[PDB]
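Below you will find one chain, with nothing else, as structure tokens; this is the form deposited in one PDB entry, and questions on how it binds or moves follow later.
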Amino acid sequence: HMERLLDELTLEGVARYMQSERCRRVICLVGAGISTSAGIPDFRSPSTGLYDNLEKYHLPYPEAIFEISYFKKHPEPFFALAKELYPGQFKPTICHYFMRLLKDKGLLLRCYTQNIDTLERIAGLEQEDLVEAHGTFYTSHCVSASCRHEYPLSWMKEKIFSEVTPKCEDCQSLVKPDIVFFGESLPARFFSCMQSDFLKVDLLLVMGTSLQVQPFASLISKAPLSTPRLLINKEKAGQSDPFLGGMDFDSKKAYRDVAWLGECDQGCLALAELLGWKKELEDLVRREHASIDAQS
């Protein structure tokens, strides 16, 4: 398969491709693994125990706490759990700032994220750069269709910590964080952007996602057949399930998929180093972290 775009199936090969004229547009697909080093737990991991200690709320079924209709009937369990799990700090990771550098260098077509933690926005990705496939806590909206007053995270955090159920100042309906609940569709933006972006992509950077939740995981099968796909993740992921266009890292037919196994921050640091960006990345992270630490 000598017509392949990567000269070798390694991080070095990906970096050479990125700095070549053939690689102009990068799509990042990111999940919980890019935020665990910021102290944000993987909410979909059973080890997080998201559905443990819910007996106190007397739910009809455990998932009711994340179901839109139940939430509109009984929002208190959700907000109590949100207080319990609310992060102590919102400091984006090296990986988030690596994506900001991609944006700065003119390479970022889009970041599709499964995360709700807002760290992409704090790191400087703008609305146009992002597809928050599972929604976000970055904004909240009044639930009444005729009103839809928007509230920022600071307002919602004050309500969560004072243990006052958030109500709209205009109409007194419940205000809900913009995360996708059970019984809700993924945002239209997810499908709209997918249909356009994957015609234009030169590289998929898949970071911190095990590609286990649909339809987000299917994004990898939307890339053109020639598009290299780099996985930076603690574990290999995205390969075909031996039971049930997956990643092929290791067969003799492999031609475009590369796995770098380790912490996402370390993989992004290694890639930045190959690209000559390590000092830029360090300076950016150190300045942004200093700024966050110095909020007065």
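Superpose the two forms; the largest set of C-alphas matching within 1.5 Å is the rigid core. Numbering starts at 1 and runs along the sequence shown.
Heads up, the form deposited in another entry isn't pictured, but that's what we're talking about next.
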message = Can you tell which residue in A223, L107, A82, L211 has its CA shifted by 2 Å or more between this form and the one not shown when the core is superposed?
response = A82
task = Classify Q195 as shifted (yes) or not shifted (no) between this form and the one not shown, where shifted means its C-alpha moves by 2 Å or more with the rigid core superposed.
result = no
query = Has the Cα of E67 moved 2 Å or more between this form and the one not shown, judged after a core fit?
reply = yes
inquiry  = My question is whether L50 is one of the residues whose C-alpha shifts by 2 Å or more between this form and the one not shown, given a fit on the rigid core.
reply    = yes
